[PDB]
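What follows is one structure encoded as structure tokens, with my remarks underneath.
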Amino acid sequence: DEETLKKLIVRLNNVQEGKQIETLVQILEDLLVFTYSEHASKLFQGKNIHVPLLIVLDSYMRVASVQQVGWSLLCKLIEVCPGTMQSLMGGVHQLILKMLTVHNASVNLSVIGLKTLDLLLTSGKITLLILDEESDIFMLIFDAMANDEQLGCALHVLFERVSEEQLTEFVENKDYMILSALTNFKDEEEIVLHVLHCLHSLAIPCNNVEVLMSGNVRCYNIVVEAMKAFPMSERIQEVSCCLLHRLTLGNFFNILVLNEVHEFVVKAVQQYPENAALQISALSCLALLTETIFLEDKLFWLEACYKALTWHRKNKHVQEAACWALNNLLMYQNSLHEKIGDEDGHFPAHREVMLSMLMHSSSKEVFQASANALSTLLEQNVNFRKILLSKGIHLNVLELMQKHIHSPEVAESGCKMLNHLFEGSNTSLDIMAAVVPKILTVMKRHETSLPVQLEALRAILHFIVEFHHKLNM
Amino acid sequence: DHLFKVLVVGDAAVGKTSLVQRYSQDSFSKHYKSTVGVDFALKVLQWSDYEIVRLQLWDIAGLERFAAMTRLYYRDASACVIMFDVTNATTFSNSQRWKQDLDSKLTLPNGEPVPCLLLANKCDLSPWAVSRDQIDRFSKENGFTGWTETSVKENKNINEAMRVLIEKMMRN
């Protein structure tokens, strides 16, 4: 048992004959891969088992045997020994990159090296060492790419920090390389996932959108992947959706493609409504693209937004994006004003919107978006007037603007909402005393901003005009 | 014998006086009216032999929510409760506002927060009636002493909830 393993590791330290050491390493690798016990993981974790092997492989590069089986042996050891990654750090990256550099031109030698690199990069804190080497790891992996086992899809983590100029260089060269990968490996779900999220990672710089939209290749490929490759895959749809969200800009007038992606977005939010995975990205993307497109679907959007608020109350971002989408939809489509409300067959989204505002007072963005949404809703349908007033909206937002004063956008949205709320209604002296001083103080605190002043003046205008004695005070 | 003060707060038109009339004046349902100012009620409970407790229920008018909730009402108070109608999430947000206000402007001799109970007013009304799963989020998040559904008109659970709350209050 362990005595034979001790003899093998002792003989491994001799480094006498390359062929004999190769056979011993092969026998040790064959014996180690078993489910009998953790004898191979005897807690020693001695580098003397594998450091001389990699030294011999690097120095004697012509020895293909140690290259072929030493990588498999270390892969099996890492997959078996739990603290092997802990033994890696606290180097080996230099050794593996030299292995990939000098003599890994064979398919068999390359695949094991890329697999070992992929499993090593799942540990963390070693990527910095990999990116600060001298072997040009990005050039190595680019030179690596028609094999089905595309282990180079582990290039993922390398995009986490690449800098803008090198990112543009990767955009060009790696896009030229990766289009072939996605075309020849269309029937590989994991490969499609990795390629799509690598596109996500490289799409961070703003200047590269024009490069990505050189011939609408990005839009077409992502739409085709969403349509065909993944009818019922959550990860693919989520990644493609995040690409859709990050690829919205001044060039949004991709009219036909607009319509296409819009449909796909609907499909996405209708087929996986359980996590932020799709909801936030699609709703923000959808809101902008719906504005552009509109210049049925609206009912589906209302339903999707209602479940988005309902099922993700704990996340600020989801509710913000969803209520913003509801606002942007209602702005361009007013026919559904009666389609929403407390009555049966209509989504009670007004209470959900109010809830969003109250449950995230600490954030100005949620207040801004939800306030604009319910202000547009109140302006659309007159029936909702005096209902939210009876529900506690006026004094509540007054206290909220008292809490949030450092920004002008929040004050402007609040004043606009008061204007569209209090229109066509008559208040009492108590409401006057509870409204006028607070809005006057808010207007004083933000005197320079023109929209805030306009909305405040409009609100005061719509709101200003025994009983005589009280009114005099 | 002992005396105590309980302050009932909540949104407007939530039948704030309905519950206090039901528990003390034995008046339930009735017409829905607006409470202009703070009103008072007395309750006497024979909790134990030779131990009779008196309760002063102050039903704070929620119309002036934007107005500064003066600490004089909560001054010398021994207990409080927030009761909101179940047909509006705005009553729920208002209850959050009341909870924040009382946490900011209420003190006890031991310094610990006084017991608070979440009353789900008028559950005998469609459609948002038994949504206890949504209520549980704030029930465990706000750290309230208790939470209990109720119906002022039917008086289905006013007595048990009030007994639980007062037992918790004397437990301190």
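Identifiers for the structure tokens are assigned positionally: chains receive A, B, ... in sequence, residues are indexed from 1 per chain, and ligands are indexed from 1 in the order shown.
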Compile a residue-level contact table for chain B against chain A at a cut-off of 10 Å, reporting for every qualifying residue the shortest atom pair and its distance in Å to one decimal, with only C-alpha atoms counted, rows ordered by chain and ascending number, as CSV.
residue,atom,partner,partner_atom,distance
B:11,CA,A:392,CA,7.3
B:12,CA,A:390,CA,7.5
B:13,CA,A:390,CA,8.1
B:14,CA,A:391,CA,10.0
B:62,CA,A:392,CA,9.6
B:63,CA,A:430,CA,8.8
B:64,CA,A:434,CA,7.4
B:65,CA,A:395,CA,5.9
B:66,CA,A:395,CA,4.1
B:67,CA,A:434,CA,6.1
B:68,CA,A:434,CA,9.5
B:87,CA,A:351,CA,9.3
B:88,CA,A:351,CA,6.5
B:89,CA,A:351,CA,5.4
B:90,CA,A:391,CA,5.5
B:91,CA,A:391,CA,6.9
B:92,CA,A:355,CA,8.0
B:93,CA,A:358,CA,5.7
B:94,CA,A:392,CA,7.1
B:96,CA,A:358,CA,8.2
B:97,CA,A:396,CA,8.2
B:127,CA,A:342,CA,9.3
B:134,CA,A:310,CA,9.6
B:137,CA,A:314,CA,9.5
Where in stretch 29-93 of chain A does DSSP assign helix (DSSP H, G or I), given as a PDB file with N, CA, C and O atoms, in the first residue's frame?
ATOM      1  N   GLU A  29       0.594   7.320 -11.769  1.00  0.00           N
ATOM      2  CA  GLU A  29      -0.639   7.968 -12.202  1.00  0.00           C
ATOM      3  C   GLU A  29      -1.771   6.960 -12.352  1.00  0.00           C
ATOM      4  O   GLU A  29      -2.917   7.248 -11.990  1.00  0.00           O
ATOM      5  N   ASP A  30      -1.471   5.779 -12.902  1.00  0.00           N
ATOM      6  CA  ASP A  30      -2.490   4.743 -13.041  1.00  0.00           C
ATOM      7  C   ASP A  30      -2.985   4.266 -11.681  1.00  0.00           C
ATOM      8  O   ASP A  30      -4.190   4.067 -11.485  1.00  0.00           O
ATOM      9  N   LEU A  31      -2.068   4.076 -10.728  1.00  0.00           N
ATOM     10  CA  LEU A  31      -2.461   3.607  -9.403  1.00  0.00           C
ATOM     11  C   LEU A  31      -3.197   4.682  -8.611  1.00  0.00           C
ATOM     12  O   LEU A  31      -4.094   4.360  -7.823  1.00  0.00           O
ATOM     13  N   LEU A  32      -2.829   5.953  -8.796  1.00  0.00           N
ATOM     14  CA  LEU A  32      -3.409   7.024  -7.992  1.00  0.00           C
ATOM     15  C   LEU A  32      -4.874   7.266  -8.333  1.00  0.00           C
ATOM     16  O   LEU A  32      -5.658   7.643  -7.454  1.00  0.00           O
ATOM     17  N   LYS A  47       6.042  18.757  -2.726  1.00  0.00           N
ATOM     18  CA  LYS A  47       6.398  19.203  -4.068  1.00  0.00           C
ATOM     19  C   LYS A  47       7.425  18.290  -4.723  1.00  0.00           C
ATOM     20  O   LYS A  47       7.495  18.243  -5.955  1.00  0.00           O
ATOM     21  N   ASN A  48       8.197  17.544  -3.927  1.00  0.00           N
ATOM     22  CA  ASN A  48       9.198  16.621  -4.457  1.00  0.00           C
ATOM     23  C   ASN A  48       8.577  15.549  -5.349  1.00  0.00           C
ATOM     24  O   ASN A  48       9.286  14.935  -6.154  1.00  0.00           O
ATOM     25  N   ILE A  49       7.271  15.305  -5.219  1.00  0.00           N
ATOM     26  CA  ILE A  49       6.594  14.372  -6.111  1.00  0.00           C
ATOM     27  C   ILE A  49       6.478  14.952  -7.518  1.00  0.00           C
ATOM     28  O   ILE A  49       6.638  14.234  -8.512  1.00  0.00           O
ATOM     29  N   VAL A  51       7.463  18.686  -8.436  1.00  0.00           N
ATOM     30  CA  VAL A  51       8.387  19.756  -8.833  1.00  0.00           C
ATOM     31  C   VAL A  51       9.579  19.229  -9.633  1.00  0.00           C
ATOM     32  O   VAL A  51       9.915  19.834 -10.664  1.00  0.00           O
ATOM     33  N   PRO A  52      10.272  18.151  -9.222  1.00  0.00           N
ATOM     34  CA  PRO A  52      11.301  17.594 -10.117  1.00  0.00           C
ATOM     35  C   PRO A  52      10.754  17.126 -11.453  1.00  0.00           C
ATOM     36  O   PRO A  52      11.456  17.236 -12.463  1.00  0.00           O
ATOM     37  N   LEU A  53       9.524  16.605 -11.489  1.00  0.00           N
ATOM     38  CA  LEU A  53       8.936  16.172 -12.753  1.00  0.00           C
ATOM     39  C   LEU A  53       8.761  17.344 -13.713  1.00  0.00           C
ATOM     40  O   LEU A  53       9.118  17.253 -14.894  1.00  0.00           O
ATOM     41  N   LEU A  54       8.225  18.466 -13.220  1.00  0.00           N
ATOM     42  CA  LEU A  54       8.066  19.631 -14.083  1.00  0.00           C
ATOM     43  C   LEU A  54       9.411  20.257 -14.435  1.00  0.00           C
ATOM     44  O   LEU A  54       9.565  20.800 -15.535  1.00  0.00           O
ATOM     45  N   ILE A  55      10.393  20.181 -13.530  1.00  0.00           N
ATOM     46  CA  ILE A  55      11.736  20.665 -13.847  1.00  0.00           C
ATOM     47  C   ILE A  55      12.342  19.852 -14.986  1.00  0.00           C
ATOM     48  O   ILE A  55      12.930  20.410 -15.922  1.00  0.00           O
ATOM     49  N   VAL A  56      12.202  18.525 -14.928  1.00  0.00           N
ATOM     50  CA  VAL A  56      12.697  17.660 -15.997  1.00  0.00           C
ATOM     51  C   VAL A  56      11.961  17.946 -17.300  1.00  0.00           C
ATOM     52  O   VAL A  56      12.573  18.008 -18.375  1.00  0.00           O
ATOM     53  N   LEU A  57      10.638  18.128 -17.226  1.00  0.00           N
ATOM     54  CA  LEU A  57       9.854  18.404 -18.428  1.00  0.00           C
ATOM     55  C   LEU A  57      10.282  19.715 -19.079  1.00  0.00           C
ATOM     56  O   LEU A  57      10.404  19.795 -20.307  1.00  0.00           O
ATOM     57  N   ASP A  58      10.510  20.754 -18.273  1.00  0.00           N
ATOM     58  CA  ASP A  58      10.914  22.046 -18.817  1.00  0.00           C
ATOM     59  C   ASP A  58      12.334  21.995 -19.371  1.00  0.00           C
ATOM     60  O   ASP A  58      12.594  22.474 -20.482  1.00  0.00           O
ATOM     61  N   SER A  59      13.271  21.429 -18.604  1.00  0.00           N
ATOM     62  CA  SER A  59      14.659  21.345 -19.050  1.00  0.00           C
ATOM     63  C   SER A  59      14.812  20.405 -20.242  1.00  0.00           C
ATOM     64  O   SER A  59      15.418  20.771 -21.256  1.00  0.00           O
ATOM     65  N   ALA A  64       8.730  13.839 -24.563  1.00  0.00           N
ATOM     66  CA  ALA A  64       7.284  13.976 -24.687  1.00  0.00           C
ATOM     67  C   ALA A  64       6.531  13.174 -23.636  1.00  0.00           C
ATOM     68  O   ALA A  64       5.381  13.504 -23.335  1.00  0.00           O
ATOM     69  N   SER A  65       7.146  12.114 -23.103  1.00  0.00           N
ATOM     70  CA  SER A  65       6.485  11.255 -22.123  1.00  0.00           C
ATOM     71  C   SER A  65       6.133  12.022 -20.852  1.00  0.00           C
ATOM     72  O   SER A  65       4.995  11.958 -20.368  1.00  0.00           O
ATOM     73  N   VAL A  66       7.117  12.720 -20.275  1.00  0.00           N
ATOM     74  CA  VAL A  66       6.880  13.499 -19.063  1.00  0.00           C
ATOM     75  C   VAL A  66       5.911  14.647 -19.315  1.00  0.00           C
ATOM     76  O   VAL A  66       5.082  14.946 -18.455  1.00  0.00           O
ATOM     77  N   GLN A  67       5.871  15.181 -20.536  1.00  0.00           N
ATOM     78  CA  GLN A  67       4.894  16.220 -20.855  1.00  0.00           C
ATOM     79  C   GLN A  67       3.495  15.631 -20.925  1.00  0.00           C
ATOM     80  O   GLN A  67       2.524  16.254 -20.479  1.00  0.00           O
ATOM     81  N   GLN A  68       3.379  14.433 -21.487  1.00  0.00           N
ATOM     82  CA  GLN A  68       2.082  13.809 -21.703  1.00  0.00           C
ATOM     83  C   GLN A  68       1.470  13.347 -20.385  1.00  0.00           C
ATOM     84  O   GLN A  68       0.277  13.559 -20.138  1.00  0.00           O
ATOM     85  N   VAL A  69       2.266  12.710 -19.522  1.00  0.00           N
ATOM     86  CA  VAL A  69       1.704  12.138 -18.298  1.00  0.00           C
ATOM     87  C   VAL A  69       1.884  12.972 -17.028  1.00  0.00           C
ATOM     88  O   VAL A  69       1.102  12.812 -16.089  1.00  0.00           O
ATOM     89  N   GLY A  70       2.909  13.829 -16.943  1.00  0.00           N
ATOM     90  CA  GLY A  70       3.068  14.673 -15.766  1.00  0.00           C
ATOM     91  C   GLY A  70       1.932  15.657 -15.553  1.00  0.00           C
ATOM     92  O   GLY A  70       1.481  15.866 -14.423  1.00  0.00           O
ATOM     93  N   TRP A  71       1.459  16.281 -16.635  1.00  0.00           N
ATOM     94  CA  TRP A  71       0.275  17.134 -16.555  1.00  0.00           C
ATOM     95  C   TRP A  71      -0.964  16.360 -16.119  1.00  0.00           C
ATOM     96  O   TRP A  71      -1.742  16.847 -15.290  1.00  0.00           O
ATOM     97  N   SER A  72      -1.168  15.154 -16.658  1.00  0.00           N
ATOM     98  CA  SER A  72      -2.286  14.331 -16.203  1.00  0.00           C
ATOM     99  C   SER A  72      -2.139  13.957 -14.732  1.00  0.00           C
ATOM    100  O   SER A  72      -3.128  13.936 -13.989  1.00  0.00           O
ATOM    101  N   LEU A  73      -0.913  13.653 -14.297  1.00  0.00           N
ATOM    102  CA  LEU A  73      -0.670  13.300 -12.903  1.00  0.00           C
ATOM    103  C   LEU A  73      -0.989  14.461 -11.972  1.00  0.00           C
ATOM    104  O   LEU A  73      -1.635  14.275 -10.936  1.00  0.00           O
ATOM    105  N   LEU A  74      -0.545  15.672 -12.326  1.00  0.00           N
ATOM    106  CA  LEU A  74      -0.827  16.820 -11.470  1.00  0.00           C
ATOM    107  C   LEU A  74      -2.307  17.181 -11.503  1.00  0.00           C
ATOM    108  O   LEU A  74      -2.857  17.611 -10.483  1.00  0.00           O
ATOM    109  N   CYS A  75      -2.968  17.005 -12.653  1.00  0.00           N
ATOM    110  CA  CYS A  75      -4.409  17.223 -12.726  1.00  0.00           C
ATOM    111  C   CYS A  75      -5.160  16.258 -11.818  1.00  0.00           C
ATOM    112  O   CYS A  75      -6.075  16.663 -11.088  1.00  0.00           O
ATOM    113  N   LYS A  76      -4.775  14.979 -11.839  1.00  0.00           N
ATOM    114  CA  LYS A  76      -5.402  13.993 -10.965  1.00  0.00           C
ATOM    115  C   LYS A  76      -5.119  14.297  -9.500  1.00  0.00           C
ATOM    116  O   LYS A  76      -5.994  14.123  -8.643  1.00  0.00           O
ATOM    117  N   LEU A  77      -3.892  14.729  -9.191  1.00  0.00           N
ATOM    118  CA  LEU A  77      -3.546  15.074  -7.817  1.00  0.00           C
ATOM    119  C   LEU A  77      -4.380  16.248  -7.315  1.00  0.00           C
ATOM    120  O   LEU A  77      -4.883  16.221  -6.188  1.00  0.00           O
ATOM    121  N   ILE A  78      -4.534  17.290  -8.140  1.00  0.00           N
ATOM    122  CA  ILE A  78      -5.358  18.434  -7.754  1.00  0.00           C
ATOM    123  C   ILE A  78      -6.813  18.011  -7.583  1.00  0.00           C
ATOM    124  O   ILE A  78      -7.481  18.411  -6.621  1.00  0.00           O
ATOM    125  N   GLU A  79      -7.324  17.185  -8.503  1.00  0.00           N
ATOM    126  CA  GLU A  79      -8.692  16.692  -8.385  1.00  0.00           C
ATOM    127  C   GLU A  79      -8.884  15.773  -7.182  1.00  0.00           C
ATOM    128  O   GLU A  79     -10.020  15.595  -6.731  1.00  0.00           O
ATOM    129  N   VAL A  80      -7.812  15.186  -6.662  1.00  0.00           N
ATOM    130  CA  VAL A  80      -7.881  14.295  -5.508  1.00  0.00           C
ATOM    131  C   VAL A  80      -7.513  15.016  -4.216  1.00  0.00           C
ATOM    132  O   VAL A  80      -8.278  15.006  -3.252  1.00  0.00           O
ATOM    133  N   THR A  84      -4.349  20.868  -2.513  1.00  0.00           N
ATOM    134  CA  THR A  84      -3.358  21.023  -3.577  1.00  0.00           C
ATOM    135  C   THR A  84      -3.286  22.467  -4.064  1.00  0.00           C
ATOM    136  O   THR A  84      -2.194  23.000  -4.292  1.00  0.00           O
ATOM    137  N   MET A  85      -4.446  23.107  -4.249  1.00  0.00           N
ATOM    138  CA  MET A  85      -4.468  24.529  -4.581  1.00  0.00           C
ATOM    139  C   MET A  85      -3.835  25.366  -3.475  1.00  0.00           C
ATOM    140  O   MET A  85      -3.131  26.345  -3.754  1.00  0.00           O
ATOM    141  N   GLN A  86      -4.095  25.010  -2.213  1.00  0.00           N
ATOM    142  CA  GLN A  86      -3.414  25.661  -1.098  1.00  0.00           C
ATOM    143  C   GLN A  86      -1.906  25.443  -1.153  1.00  0.00           C
ATOM    144  O   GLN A  86      -1.138  26.315  -0.730  1.00  0.00           O
ATOM    145  N   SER A  87      -1.463  24.290  -1.660  1.00  0.00           N
ATOM    146  CA  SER A  87      -0.038  24.051  -1.844  1.00  0.00           C
ATOM    147  C   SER A  87       0.528  24.788  -3.049  1.00  0.00           C
ATOM    148  O   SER A  87       1.749  24.960  -3.134  1.00  0.00           O
ATOM    149  N   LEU A  88      -0.325  25.213  -3.984  1.00  0.00           N
ATOM    150  CA  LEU A  88       0.164  25.929  -5.159  1.00  0.00           C
ATOM    151  C   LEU A  88       0.673  27.315  -4.782  1.00  0.00           C
ATOM    152  O   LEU A  88       1.746  27.737  -5.231  1.00  0.00           O
ATOM    153  N   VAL A  92       4.690  27.764 -10.579  1.00  0.00           N
ATOM    154  CA  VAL A  92       4.005  26.759 -11.387  1.00  0.00           C
ATOM    155  C   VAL A  92       3.356  27.388 -12.613  1.00  0.00           C
ATOM    156  O   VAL A  92       3.267  26.751 -13.671  1.00  0.00           O
ATOM    157  N   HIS A  93       2.875  28.631 -12.493  1.00  0.00           N
ATOM    158  CA  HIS A  93       2.342  29.336 -13.653  1.00  0.00           C
ATOM    159  C   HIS A  93       3.415  29.546 -14.716  1.00  0.00           C
ATOM    160  O   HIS A  93       3.157  29.364 -15.912  1.00  0.00           O
TER     161      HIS A  93
END
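Residues lying within 12 Å of residue B:163, counting only C-alpha atoms and ignoring same-chain neighbours fewer than 2 positions away, are residues 23, 45, 46, 47, 55, 117, 146, 148, 157, 158, 159, 160, 161, 165, 166, 167, 168, 169, 170 and 171 of chain B.
Proximity to residue B:61 was assessed for B:140, B:105, B:99, B:33 counting only C-alpha atoms; the smallest distance is recorded for B:33.
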> Smallest atom-to-atom distance to residue A:83: which of A:377, A:33, A:209, A:44, using only C-alpha atoms?
Replying inline: A:44
Surrounding residues of residue A:250 excluding itself and chain neighbours under 2 positions, 12 Å, only C-alpha atoms, as a PDB file with N, CA and C atoms, in the first residue's frame:
ATOM      1  N   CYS A 206     -16.482  51.646 -24.148  1.00  0.00           N
ATOM      2  CA  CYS A 206     -17.534  52.278 -24.935  1.00  0.00           C
ATOM      3  C   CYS A 206     -17.156  52.436 -26.403  1.00  0.00           C
ATOM      4  N   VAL A 209     -18.057  49.567 -29.285  1.00  0.00           N
ATOM      5  CA  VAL A 209     -19.397  49.237 -29.771  1.00  0.00           C
ATOM      6  C   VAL A 209     -19.472  49.410 -31.281  1.00  0.00           C
ATOM      7  N   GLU A 210     -18.815  50.449 -31.808  1.00  0.00           N
ATOM      8  CA  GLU A 210     -18.783  50.653 -33.249  1.00  0.00           C
ATOM      9  C   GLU A 210     -18.072  49.487 -33.907  1.00  0.00           C
ATOM     10  N   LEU A 247     -25.282  46.743 -24.749  1.00  0.00           N
ATOM     11  CA  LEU A 247     -25.129  47.181 -26.134  1.00  0.00           C
ATOM     12  C   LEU A 247     -26.271  48.099 -26.564  1.00  0.00           C
ATOM     13  N   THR A 248     -26.698  48.984 -25.665  1.00  0.00           N
ATOM     14  CA  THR A 248     -27.708  49.995 -25.955  1.00  0.00           C
ATOM     15  C   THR A 248     -27.066  51.366 -25.818  1.00  0.00           C
ATOM     16  N   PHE A 252     -29.033  52.975 -31.145  1.00  0.00           N
ATOM     17  CA  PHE A 252     -30.115  52.032 -30.879  1.00  0.00           C
ATOM     18  C   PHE A 252     -31.057  51.830 -32.062  1.00  0.00           C
ATOM     19  N   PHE A 253     -30.978  52.663 -33.104  1.00  0.00           N
ATOM     20  CA  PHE A 253     -31.883  52.575 -34.253  1.00  0.00           C
ATOM     21  C   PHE A 253     -31.488  51.421 -35.182  1.00  0.00           C
ATOM     22  N   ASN A 254     -31.478  50.221 -34.612  1.00  0.00           N
ATOM     23  CA  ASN A 254     -31.321  48.972 -35.359  1.00  0.00           C
ATOM     24  C   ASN A 254     -32.676  48.329 -35.656  1.00  0.00           C
ATOM     25  N   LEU A 288     -35.641  51.064 -22.830  1.00  0.00           N
ATOM     26  CA  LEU A 288     -35.122  51.980 -23.843  1.00  0.00           C
ATOM     27  C   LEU A 288     -35.587  51.544 -25.229  1.00  0.00           C
ATOM     28  N   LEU A 289     -35.477  50.241 -25.521  1.00  0.00           N
ATOM     29  CA  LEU A 289     -35.812  49.799 -26.861  1.00  0.00           C
ATOM     30  C   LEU A 289     -37.302  49.943 -27.149  1.00  0.00           C
ATOM     31  N   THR A 292     -37.859  53.476 -28.289  1.00  0.00           N
ATOM     32  CA  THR A 292     -37.466  53.674 -29.685  1.00  0.00           C
ATOM     33  C   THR A 292     -38.404  52.949 -30.667  1.00  0.00           C
TER      34      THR A 292
END
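With distances restricted to only C-alpha atoms, A:270 is the closest residue to residue A:305 from A:290, A:333, A:116, A:270.
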> What lies within 12 Å of residue A:180 using only C-alpha atoms, ignoring chain neighbours under 4 positions off, as a PyMOL selection string?
Replying inline: chain A and resi 145-147+150+173-176+184-186+195
> Which neighbours of residue B:123 fall inside 8 Å, counting only C-alpha atoms, when residues of the same chain fewer than 4 positions from it are skipped, and could you give them as a PyMOL selection string?
Replying inline: chain B and resi 86+128-130+149-151
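Neighbouring residues of residue A:225 at 12 Å or closer, counting only C-alpha atoms and skipping chain neighbours under 5 positions away, are residues 182, 183, 185, 186, 187, 188, 189, 191, 192, 193, 195, 196, 218, 219, 220, 230, 231, 232, 233, 236, 237, 238, 239, 240, 241, 261 and 264 of chain A.
With atom CA of residue A:63 on one side and atom CA of residue A:45 on the other, the separation reads 25.2 Å.
Rounded to one decimal, atom CA of residue A:166 and atom CA of residue A:149 lie 27.0 Å from each other.
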> Could you pull out the strand (DSSP E or B) residues of stretch 115-158 of chain B from DSSP and send them as a PyMOL selection string?
Replying inline: chain B and resi 117-121+146-149
